[PDB]
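Chemist: Handing over protein_39.txt, compact mmCIF, C-alpha atoms.
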# COMPACT_ATOMS: atom_id res chain seq x y z
CA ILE A 1 116.05 -63.41 83.28
CA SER A 2 115.44 -60.40 80.99
CA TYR A 3 112.15 -58.43 81.14
CA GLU A 4 110.32 -61.69 81.90
CA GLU A 5 111.77 -62.39 85.34
CA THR A 6 112.64 -58.88 86.56
CA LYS A 7 109.01 -57.76 86.25
CA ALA A 8 107.28 -60.71 87.90
CA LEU A 9 109.88 -61.42 90.62
CA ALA A 10 111.09 -57.92 91.56
CA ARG A 11 107.99 -55.70 91.46
CA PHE A 12 106.35 -58.33 93.70
CA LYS A 13 109.57 -59.76 95.24
CA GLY A 14 107.90 -62.64 97.06
CA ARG A 15 105.50 -60.33 98.89
CA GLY A 16 101.77 -60.91 98.68
CA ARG A 17 98.37 -60.96 100.38
CA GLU A 18 97.36 -57.29 100.74
CA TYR A 19 99.86 -55.25 98.71
CA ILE A 20 98.74 -55.06 95.02
CA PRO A 21 101.26 -52.82 93.18
CA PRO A 22 99.73 -50.28 90.73
CA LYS A 23 98.82 -50.50 87.05
CA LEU A 24 101.11 -51.87 84.34
CA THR A 25 101.34 -49.01 81.77
CA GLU A 26 120.72 -29.69 41.02
CA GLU A 27 121.25 -31.68 44.24
CA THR A 28 120.06 -34.92 42.64
CA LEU A 29 121.24 -38.41 43.62
CA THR A 30 124.90 -39.27 43.36
CA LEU A 31 126.24 -42.50 44.83
CA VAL A 32 129.24 -40.52 46.13
CA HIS A 33 129.09 -39.83 49.86
CA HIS A 34 128.72 -36.16 50.77
CA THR A 35 131.62 -36.13 53.21
CA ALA A 36 131.19 -34.67 56.69
CA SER A 37 134.80 -33.42 56.87
CA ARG A 38 135.21 -30.67 54.30
CA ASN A 39 138.93 -31.00 53.89
CA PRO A 40 139.32 -31.92 50.20
CA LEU A 41 142.23 -34.08 51.43
CA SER A 42 140.24 -35.72 54.26
CA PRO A 43 139.51 -38.92 52.25
CA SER B 1 71.47 -56.51 59.43
CA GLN B 2 70.07 -57.91 62.70
CA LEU B 3 71.50 -57.99 66.20
CA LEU B 4 71.09 -61.57 67.37
CA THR B 5 70.01 -62.24 70.91
CA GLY B 6 69.15 -65.57 69.30
CA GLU B 7 66.58 -66.40 72.02
CA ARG B 8 68.89 -67.97 74.60
CA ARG B 9 67.18 -70.95 76.16
CA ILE B 10 66.24 -73.25 79.07
CA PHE B 11 68.17 -76.29 77.83
CA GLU B 12 67.57 -78.97 80.45
CA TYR B 13 69.55 -82.10 79.65
CA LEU B 14 70.28 -85.43 81.31
CA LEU B 15 73.89 -86.60 81.06
CA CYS B 16 73.04 -90.29 80.93
CA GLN B 17 75.98 -92.69 81.17
CA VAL B 18 74.60 -94.99 78.48
CA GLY B 19 76.42 -98.31 78.56
CA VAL B 20 76.20 -99.87 75.11
CA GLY B 21 78.08 -102.99 74.18
CA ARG B 22 78.72 -105.62 71.50
CA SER B 23 76.32 -103.76 69.24
CA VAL B 24 74.87 -105.32 66.11
CA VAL B 25 74.93 -103.20 62.96
CA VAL B 26 71.33 -102.31 62.09
CA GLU B 27 69.71 -100.08 59.46
CA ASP B 28 67.38 -97.15 60.26
CA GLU B 29 65.14 -96.96 63.33
CA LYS B 30 62.03 -98.62 61.83
CA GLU B 31 63.53 -102.11 62.16
CA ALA B 32 65.35 -101.52 65.48
CA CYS B 33 62.16 -101.19 67.50
CA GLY B 34 62.30 -103.98 70.10
CA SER B 35 59.24 -105.94 69.00
CA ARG B 36 60.81 -106.85 65.64
CA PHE B 37 64.52 -107.48 66.30
CA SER B 38 64.82 -109.39 69.63
CA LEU B 39 68.57 -109.34 70.36
CA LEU B 40 70.45 -112.23 71.97
CA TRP B 41 71.89 -112.04 75.48
CA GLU B 42 75.38 -111.38 74.09
CA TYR B 43 74.61 -108.34 71.94
CA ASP B 44 73.21 -105.48 73.96
CA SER B 45 72.53 -102.47 71.69
CA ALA B 46 71.76 -101.59 68.07
CA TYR B 47 73.99 -99.29 66.00
CA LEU B 48 71.77 -97.21 63.71
CA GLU B 49 74.03 -96.99 60.67
CA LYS B 50 71.97 -94.96 58.18
CA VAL C 1 86.91 -54.28 97.20
CA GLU C 2 89.72 -56.84 97.36
CA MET C 3 91.62 -54.54 99.74
CA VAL C 4 88.82 -54.33 102.30
CA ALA C 5 87.75 -57.99 102.27
CA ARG C 6 91.35 -59.20 102.63
CA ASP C 7 92.45 -56.62 105.21
CA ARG C 8 93.77 -58.64 108.13
CA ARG C 9 93.28 -56.07 110.92
CA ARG C 10 89.54 -55.82 110.26
CA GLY C 11 89.23 -59.56 109.63
CA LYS C 12 90.55 -60.76 112.98
CA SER C 13 88.67 -57.98 114.73
CA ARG C 14 85.56 -59.44 113.09
CA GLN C 15 86.58 -62.86 114.44
CA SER C 16 87.15 -61.43 117.91
CA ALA C 17 83.72 -59.83 117.57
CA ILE C 18 82.17 -63.24 116.84
CA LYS C 19 83.74 -64.74 119.98
CA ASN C 20 82.49 -61.92 122.21
CA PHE C 21 78.90 -61.86 120.93
CA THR C 22 78.59 -65.65 121.28
CA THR C 23 79.66 -65.45 124.92
CA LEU C 24 77.17 -62.61 125.38
CA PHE C 25 74.37 -64.71 123.87
CA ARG C 26 75.29 -67.76 125.97
CA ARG C 27 75.34 -65.79 129.23
CA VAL C 28 72.00 -64.06 128.61
CA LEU C 29 70.40 -67.41 127.76
CA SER C 30 71.95 -69.11 130.81
CA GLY C 31 70.92 -66.31 133.17
CA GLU C 32 67.36 -66.36 131.84
CA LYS C 33 66.81 -70.05 132.64
CA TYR C 34 66.47 -69.38 136.37
CA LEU C 35 64.70 -66.60 138.25
CA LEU C 36 65.80 -64.87 141.45
CA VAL C 37 63.85 -65.65 144.63
CA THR C 38 64.12 -63.11 147.45
CA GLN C 39 61.68 -61.39 149.81
CA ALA C 40 60.35 -58.50 147.69
CA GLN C 41 57.71 -57.60 145.13
CA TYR C 42 59.40 -57.90 141.73
CA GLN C 43 58.44 -56.71 138.26
CA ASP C 44 58.78 -58.74 135.06
CA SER C 45 62.58 -58.22 134.70
CA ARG C 46 62.17 -60.21 131.49
CA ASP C 47 61.65 -57.65 128.73
CA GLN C 48 65.23 -56.43 129.24
CA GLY C 49 66.55 -59.99 129.27
CA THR C 50 64.92 -60.87 125.96
CA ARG C 51 65.94 -57.49 124.51
CA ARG C 52 69.58 -58.33 125.19
CA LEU C 53 68.97 -61.74 123.61
CA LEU C 54 67.66 -60.14 120.42
CA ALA C 55 70.61 -57.75 120.62
CA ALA C 56 72.89 -60.80 120.87
CA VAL C 57 71.23 -62.34 117.81
CA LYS C 58 71.04 -59.42 115.38
CA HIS C 59 74.60 -58.36 116.15
CA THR C 60 75.97 -61.89 115.78
CA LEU C 61 74.46 -62.24 112.32
CA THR C 62 75.65 -58.82 111.15
CA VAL C 63 79.25 -59.76 111.95
CA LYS C 64 79.10 -63.35 110.70
CA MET C 65 77.49 -62.49 107.37
CA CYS C 66 79.65 -59.42 106.70
CA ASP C 67 82.64 -61.70 107.39
CA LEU C 68 82.14 -63.93 104.36
CA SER C 69 84.97 -64.88 102.04
CA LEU C 70 84.62 -63.67 98.46
CA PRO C 71 84.66 -67.21 96.92
CA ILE C 72 81.82 -68.13 99.29
CA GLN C 73 79.81 -65.00 98.44
CA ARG C 74 80.37 -65.67 94.74
CA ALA C 75 79.00 -69.22 95.08
CA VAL C 76 75.94 -67.96 96.97
CA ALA C 77 75.31 -65.27 94.34
CA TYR C 78 75.52 -67.86 91.56
CA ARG C 79 73.12 -70.11 93.47
CA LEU C 80 70.64 -67.24 93.56
CA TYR C 81 71.26 -66.81 89.83
CA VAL C 82 70.26 -70.37 88.99
CA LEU C 83 67.22 -69.90 91.24
CA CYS C 84 66.33 -66.73 89.36
CA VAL C 85 66.88 -68.05 85.84
CA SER C 86 64.89 -71.23 86.59
CA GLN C 87 61.57 -69.38 86.98
CA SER C 88 61.08 -69.27 83.20
CA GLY C 89 61.52 -73.03 82.97
CA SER C 90 59.94 -76.44 83.51
CA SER C 91 57.89 -77.44 86.55
CA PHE C 92 60.59 -79.82 87.81
CA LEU C 93 63.33 -77.24 87.29
CA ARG C 94 61.39 -74.51 89.12
CA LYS C 95 60.84 -76.67 92.19
CA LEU C 96 64.33 -78.16 92.25
CA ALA C 97 66.13 -74.82 91.98
CA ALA C 98 63.97 -73.60 94.88
CA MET C 99 65.40 -76.62 96.74
CA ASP C 100 62.45 -79.06 97.21
CA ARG C 101 64.87 -81.98 97.44
CA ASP C 102 62.23 -84.61 98.18
CA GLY C 103 62.12 -86.61 94.96
CA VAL C 104 65.87 -86.51 94.31
CA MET C 105 68.25 -88.12 96.80
CA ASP C 106 39.53 -99.87 69.21
CA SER C 107 41.99 -98.38 71.73
CA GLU C 108 44.49 -96.59 69.48
CA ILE C 109 42.85 -93.30 70.45
CA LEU C 110 43.68 -90.28 68.27
CA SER C 111 45.27 -87.37 70.12
CA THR C 112 48.04 -84.89 69.36
CA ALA C 113 49.21 -81.59 70.82
CA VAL C 114 51.51 -78.77 69.74
CA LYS C 115 53.50 -77.16 72.53
CA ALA C 116 55.09 -73.79 73.01
CA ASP C 117 58.65 -74.82 73.77
CA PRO C 118 59.54 -73.65 77.32
CA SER C 119 62.99 -72.39 76.32
CA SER C 120 62.20 -68.69 76.11
CA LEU C 121 64.46 -66.94 78.72
CA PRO C 122 64.33 -63.16 78.06
CA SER C 123 67.59 -61.25 77.69
CA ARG C 124 70.48 -60.83 80.13
CA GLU C 125 69.14 -57.57 81.55
CA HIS C 126 66.03 -59.40 82.77
CA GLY C 127 68.50 -61.62 84.61
CA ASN C 128 69.61 -58.70 86.76
CA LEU C 129 65.98 -57.60 87.18
CA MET C 130 65.62 -60.97 88.89
CA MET C 131 68.50 -60.45 91.31
CA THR C 132 67.95 -56.79 92.26
CA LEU C 133 64.39 -57.66 93.31
CA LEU C 134 65.51 -60.47 95.60
CA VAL C 135 68.03 -58.28 97.42
CA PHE C 136 66.54 -54.76 97.44
CA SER C 137 62.89 -55.41 98.28
CA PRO C 138 61.64 -54.31 101.71
CA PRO C 139 62.16 -57.19 104.15
CA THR C 140 59.06 -59.23 104.91
CA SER C 141 59.95 -60.00 108.54
CA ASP C 142 62.96 -60.12 110.86
CA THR D 1 84.33 -16.02 60.51
CA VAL D 2 81.85 -13.24 59.70
CA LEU D 3 81.46 -11.03 62.76
CA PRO D 4 84.04 -8.46 63.87
CA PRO D 5 85.46 -9.07 67.37
CA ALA D 6 82.92 -6.72 68.97
CA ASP D 7 79.88 -8.42 67.42
CA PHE D 8 81.24 -11.90 68.13
CA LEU D 9 81.68 -11.33 71.87
CA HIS D 10 78.05 -10.24 72.19
CA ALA D 11 77.02 -13.19 70.01
CA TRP D 12 79.02 -15.55 72.25
CA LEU D 13 77.24 -14.30 75.38
CA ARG D 14 74.01 -14.87 73.47
CA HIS D 15 75.11 -18.39 72.53
CA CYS D 16 75.98 -19.51 76.06
CA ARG D 17 72.48 -18.58 77.19
CA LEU D 18 71.19 -20.37 74.08
CA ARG D 19 72.89 -23.59 75.22
CA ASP D 20 71.54 -23.26 78.76
CA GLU D 21 68.02 -22.58 77.51
CA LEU D 22 68.27 -25.75 75.44
CA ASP D 23 69.36 -27.41 78.69
CA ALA D 24 66.12 -26.30 80.34
CA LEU D 25 63.83 -27.09 77.40
CA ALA D 26 64.97 -30.70 77.12
CA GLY D 27 63.92 -32.16 80.46
CA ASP D 28 65.26 -35.37 81.93
CA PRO D 29 62.64 -38.14 82.00
CA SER D 30 65.07 -41.10 81.66
CA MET D 31 63.90 -43.92 83.92
CA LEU D 32 60.78 -45.37 82.26
CA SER D 33 62.63 -45.37 78.91
CA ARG D 34 65.43 -47.35 80.59
CA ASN D 35 63.64 -50.02 82.66
CA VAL D 36 61.73 -51.55 79.73
CA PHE D 37 63.30 -54.81 78.72
CA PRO D 38 63.20 -57.27 75.81
CA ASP D 39 60.93 -59.70 77.66
CA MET D 40 58.54 -61.44 75.25
CA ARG D 41 57.71 -65.12 75.19
CA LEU D 42 55.13 -67.46 73.70
CA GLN D 43 53.15 -69.86 75.89
CA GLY D 44 50.18 -72.05 75.13
CA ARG D 45 48.60 -75.48 74.99
CA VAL D 46 46.65 -76.20 71.80
CA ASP D 47 45.65 -79.79 71.10
CA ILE D 48 43.56 -81.49 68.43
CA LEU D 49 41.46 -84.05 70.30
CA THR D 50 38.86 -86.61 69.30
CA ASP D 51 35.72 -86.82 71.45
CA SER D 52 36.74 -90.28 72.64
CA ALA D 53 40.15 -88.78 73.43
CA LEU D 54 38.24 -86.27 75.55
CA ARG D 55 36.61 -89.30 77.16
CA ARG D 56 40.05 -90.63 78.15
CA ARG D 57 41.23 -87.21 79.39
CA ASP D 58 38.29 -86.98 81.81
CA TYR D 59 38.97 -90.49 83.12
CA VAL D 60 42.44 -89.38 84.23
CA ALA D 61 41.23 -85.97 85.42
CA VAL D 62 38.15 -85.03 87.45
CA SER E 1 88.18 -23.47 76.62
CA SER E 2 85.38 -21.56 78.35
CA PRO E 3 83.30 -23.31 81.04
CA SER E 4 80.37 -23.26 78.61
CA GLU E 5 82.48 -24.77 75.83
CA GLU E 6 83.50 -27.76 77.98
CA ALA E 7 80.03 -27.99 79.49
CA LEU E 8 79.09 -28.34 75.82
CA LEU E 9 81.52 -31.25 75.59
CA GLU E 10 80.10 -32.92 78.71
CA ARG E 11 76.68 -32.78 77.08
CA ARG E 12 78.21 -34.32 73.94
CA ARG E 13 79.40 -37.34 75.93
CA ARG E 14 76.19 -37.82 77.94
CA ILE E 15 73.79 -37.82 74.99
CA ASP E 16 76.08 -39.84 72.70
CA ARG E 17 76.54 -42.57 75.32
CA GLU E 18 72.76 -42.73 75.73
CA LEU E 19 72.37 -43.08 71.95
CA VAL E 20 74.66 -46.12 72.05
CA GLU E 21 72.52 -47.74 74.75
CA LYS E 22 69.25 -46.95 72.95
CA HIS E 23 70.51 -48.30 69.61
CA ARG E 24 71.29 -51.60 71.32
CA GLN E 25 67.81 -51.54 72.86
CA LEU E 26 66.19 -51.24 69.43
CA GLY E 27 68.33 -54.18 68.35
CA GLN E 28 67.30 -56.36 71.28
CA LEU E 29 63.60 -55.49 70.99
CA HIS E 30 63.64 -56.15 67.24
CA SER E 31 65.47 -59.43 67.80
CA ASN E 32 62.90 -60.53 70.37
CA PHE E 33 59.95 -59.52 68.18
CA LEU E 34 61.14 -61.71 65.32
CA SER E 35 62.15 -64.35 67.86
CA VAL E 36 58.51 -64.81 68.87
CA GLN E 37 57.53 -64.41 65.21
CA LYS E 38 59.74 -67.40 64.44
CA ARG E 39 57.92 -69.32 67.17
CA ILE E 40 54.68 -68.43 65.36
CA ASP E 41 56.07 -69.70 62.05
CA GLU E 42 57.21 -72.94 63.66
CA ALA E 43 53.81 -73.28 65.34
CA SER E 44 52.14 -72.91 61.95
CA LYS E 45 54.35 -75.55 60.35
CA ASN E 46 53.80 -77.86 63.32
CA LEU E 47 50.08 -77.52 64.01
CA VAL E 48 49.06 -77.72 60.35
CA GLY E 49 51.56 -80.56 60.00
CA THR F 1 70.21 -93.16 93.34
CA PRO F 2 72.64 -95.64 94.96
CA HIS F 3 70.28 -98.38 93.77
CA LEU F 4 70.68 -97.12 90.20
CA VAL F 5 74.48 -96.99 90.32
CA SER F 6 74.67 -100.53 91.72
CA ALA F 7 72.34 -101.96 89.06
CA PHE F 8 74.25 -100.11 86.34
CA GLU F 9 77.59 -101.54 87.49
CA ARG F 10 76.25 -105.11 87.51
CA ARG F 11 74.71 -104.78 84.03
CA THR F 12 77.75 -103.34 82.22
CA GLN F 13 80.77 -105.50 83.03
CA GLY F 14 82.56 -105.65 79.67
CA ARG F 15 80.96 -102.79 77.73
CA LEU F 16 81.79 -99.14 77.17
CA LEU F 17 80.23 -96.34 79.17
CA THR F 18 79.46 -93.69 76.58
CA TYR F 19 78.15 -90.29 77.69
CA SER F 20 74.95 -89.41 75.83
CA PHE F 21 72.88 -86.25 76.18
CA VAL F 22 69.11 -86.60 76.60
CA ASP F 23 66.71 -83.74 75.91
CA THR F 24 63.99 -83.15 78.49
CA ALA F 25 61.27 -82.50 75.91
CA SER F 26 62.08 -85.63 73.88
CA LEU F 27 61.04 -87.75 76.86
CA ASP F 28 57.43 -88.92 76.83
CA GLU F 29 54.77 -88.49 79.52
CA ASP F 30 55.98 -91.66 81.26
CA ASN F 31 59.55 -90.44 81.84
CA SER F 32 58.69 -87.25 83.66
CA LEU F 33 61.66 -85.70 85.44
CA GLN F 34 59.91 -86.18 88.78
CA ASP F 35 59.80 -89.91 88.01
CA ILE F 36 63.45 -90.07 86.88
CA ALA F 37 64.75 -89.06 90.32
CA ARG F 38 62.87 -91.98 91.93
CA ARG F 39 63.47 -94.94 89.59
CA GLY F 40 65.58 -93.76 86.65
CA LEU F 41 65.09 -93.64 82.90
CA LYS F 42 62.72 -96.51 82.15
CA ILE F 43 63.20 -97.82 78.61
CA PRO F 44 60.06 -99.59 77.32
CA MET F 45 59.95 -102.65 75.08
CA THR F 46 60.18 -100.46 71.97
CA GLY F 47 63.44 -98.88 73.12
CA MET F 48 64.93 -95.42 73.29
CA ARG F 49 67.70 -94.00 71.14
CA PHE F 50 70.80 -92.30 72.52
Once more with this new file: its structure as structure tokens, please.
Modeler:
Amino acid sequence: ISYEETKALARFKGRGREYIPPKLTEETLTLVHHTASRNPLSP
Amino acid sequence: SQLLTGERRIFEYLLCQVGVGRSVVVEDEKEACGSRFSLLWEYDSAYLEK
Amino acid sequence: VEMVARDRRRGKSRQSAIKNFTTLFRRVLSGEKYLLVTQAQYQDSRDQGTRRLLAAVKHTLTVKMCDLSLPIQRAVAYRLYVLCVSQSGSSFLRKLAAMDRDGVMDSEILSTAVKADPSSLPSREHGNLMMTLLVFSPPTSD
Amino acid sequence: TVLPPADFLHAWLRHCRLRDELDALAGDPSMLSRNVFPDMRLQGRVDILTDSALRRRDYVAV
Amino acid sequence: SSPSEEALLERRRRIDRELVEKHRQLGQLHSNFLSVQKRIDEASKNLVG
Amino acid sequence: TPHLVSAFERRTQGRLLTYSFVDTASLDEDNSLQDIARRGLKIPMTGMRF
């Protein structure tokens, strides 16, 4: 179904013939992680 | 350098359903000229090869 | 443009218009075939009868032509295009695009000629200059 | 960038009238410079004919 | 954002659009002039031929 | 013409029916386009190429 069917079968929904819906659109690099939790014992 | 309208034209063509058949291989047009080849009743056209 | 031409309410009111003007035209023509014979001096009584006939001819053609489907109007407009673009062409092409469907259903003497090739056809804007002078001229008659 | 705010307001009132005077002294011909089209074509009939070929042309024609 | 500053911008669009149409008109007139000139050159090679 | 389509069917019974294009200026003074609508493309004894 996806975008493909829900655009062409729901915006029109079987209606037709007079409706016409509208337009379409220091501090260098270290490999160590700088830990978010600042407990020194958190890791 | 130049915008090309290219002199669009009045091409008038005739889509002729030309029925050729059992053609004999022939050289250029100067020998396939009717008065100098004289096909049989089986062969019915002349294929200009070169 | 697609809204108006495909609007059903105006379309079947155009069709009901066509039915009522044709009955108007038929009755005026039927009533004008025979006079009235009584015992009095009578005027022409004919200029009003033919005025209602011309009224029931102009008004029929306004409705019937305005009620044309868009594929039909496109085919007519393209037919006028091939009439218009033919005028800068050969003699057989000029007559055949303006209909004219009658045809279709010591002695080695030295002569040569050089021909201006009749494949000129000025640019696409001259093509619209053709069409806007077939449709926007003052009408010759009625 | 050069005038103080008092001089620049007077200069701006001057400049709006300068634009509208250039509006007046420009005209609007249009029209004739718009309905000219690239419509040029070559026509002609030039033939090299012998006098006896002119004899045969008159036999066909009047 | 004065009315004269965006009437200035309207006059920018009107004249610039007309320049685009006129530049294409020089191109079509120049193309047609050397179109007929080519018909002259072919008529010279054909009639002298 | 219905005469032309009947004569064409009788002539070509075991041949192909190729579709050739014919220029209107390559035709001579005999094969004027007024004349083609009445009798068809008349090929002389010399013959015409397609």
Chemist: Quick one: which residues from chain A are at most 9 Å off chain C, using only C-alpha atoms, as a PyMOL selection string?
Modeler: chain A and resi 17-20
Chemist: Give me, as a short mmCIF file (atom, residue, chain, number, x, y, z; two decimals) with C-alpha atoms, in the frame of the given file, the residues of chain B touching chain D, with the criterion being at most 12 Å (counting only C-alpha atoms).
Modeler:
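Saved file out13.cif follows:
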data_model
loop_
_atom_site.label_atom_id
_atom_site.label_comp_id
_atom_site.auth_asym_id
_atom_site.auth_seq_id
_atom_site.Cartn_x
_atom_site.Cartn_y
_atom_site.Cartn_z
CA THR B 5 70.01 -62.24 70.91
CA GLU B 7 66.58 -66.40 72.02
CA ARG B 8 68.89 -67.97 74.60
CA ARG B 9 67.18 -70.95 76.16
#
Chemist: One decimal, in Å: what's the spacing between CA of residue 13 (chain B) and CA of residue 22 (chain F)?
Modeler: 5.5 Å
Chemist: Considering only C-alpha atoms, extract the chain F residues located within 8 Å of chain C and return them as a PyMOL selection string.
Modeler: chain F and resi 1+33-34+37-38
Chemist: Would you mind reading off the distance between CA of residue 30 (chain D) and CA of residue 18 (chain D), one decimal, in Å?
Modeler: 22.9 Å
Chemist: So which residues touch residue 21 (chain B) within 7 Å, counting only C-alpha atoms, skipping near sequence neighbours fewer than 3 positions away, as number ranges by chain?
Modeler: B: 43-45; F: 15-16
Chemist: Select, as a PyMOL selection string, those residues of chain D with any atom no more than 6 Å from chain C (distances computed using all atoms listed in the file).
Modeler: chain D and resi 39+41+43-49
Chemist: One decimal, Å: what's the distance from CA of residue 72 (chain C) over to CA of residue 128 (chain C), could you say?
Modeler: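 Value for the CA of residue 72 (chain C)-CA of residue 128 (chain C) distance: 19.9 Å.
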Chemist: Please identify every residue of chain E that has at least one atom no farther than 9 Å from an atom of chain D, counting all atoms listed in the file, and for each give the shortest atom pair and the distance in Å to one decimal, arranged by chain then increasing number, as a Markdown table.
Modeler:
| residue | atom | partner | partner_atom | distance |
| --- | --- | --- | --- | --- |
| E:4 | CA | D:16 | CA | 6.3 |
| E:5 | CA | D:16 | CA | 8.4 |
| E:8 | CA | D:19 | CA | 7.8 |
| E:22 | CA | D:34 | CA | 8.6 |
| E:25 | CA | D:38 | CA | 7.9 |
| E:28 | CA | D:38 | CA | 6.2 |
| E:29 | CA | D:38 | CA | 5.2 |
| E:30 | CA | D:38 | CA | 8.7 |
| E:31 | CA | D:38 | CA | 8.6 |
| E:32 | CA | D:38 | CA | 6.3 |
| E:33 | CA | D:40 | CA | 7.5 |
| E:35 | CA | D:41 | CA | 8.6 |
| E:36 | CA | D:41 | CA | 6.4 |
| E:39 | CA | D:42 | CA | 7.3 |
| E:40 | CA | D:42 | CA | 8.4 |
| E:47 | CA | D:46 | CA | 8.6 |
Chemist: Counting only C-alpha atoms, select every polymer residue within 7 Å of (68.2, -58.8, 63.7) as defined in the file's coordinates, and provide the selection as a PyMOL selection string.
Modeler: (chain B and resi 1-4) or (chain E and resi 27+30-31)
Chemist: Once 6 Å is added on each side, what centre and edge lengths in Å to one decimal does the axis-aligned box around all listed atoms of region 15-24 of chain E have, as JSON?
Modeler:
{"center_x": 72.9, "center_y": -44.7, "center_z": 72.7, "size_x": 19.3, "size_y": 25.8, "size_z": 18.1}
Chemist: Between A:36, A:1, A:11, A:42, which residue has the minimum interatomic distance to residue 24 (chain A), considering all atoms listed in the file?
Modeler: A:11
Chemist: Return the neighbours of chain B among the residues of chain F, cut-off 8 Å, counting all atoms listed in the file, as a list in words.
Modeler: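 Listed by rising number, the hits are residues 12, 14, 15, 16, 17, 18, 19, 20, 21, 22, 23, 24, 45, 46, 47 and 50 of chain F.
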Chemist: I'd like the contact shell of region 38-49 of chain C - 9 Å cut-off, all atoms listed in the file, skipping same-chain residues fewer than 4 positions apart - returned as a PyMOL selection string.
Modeler: chain C and resi 28-29+31-32+53-54
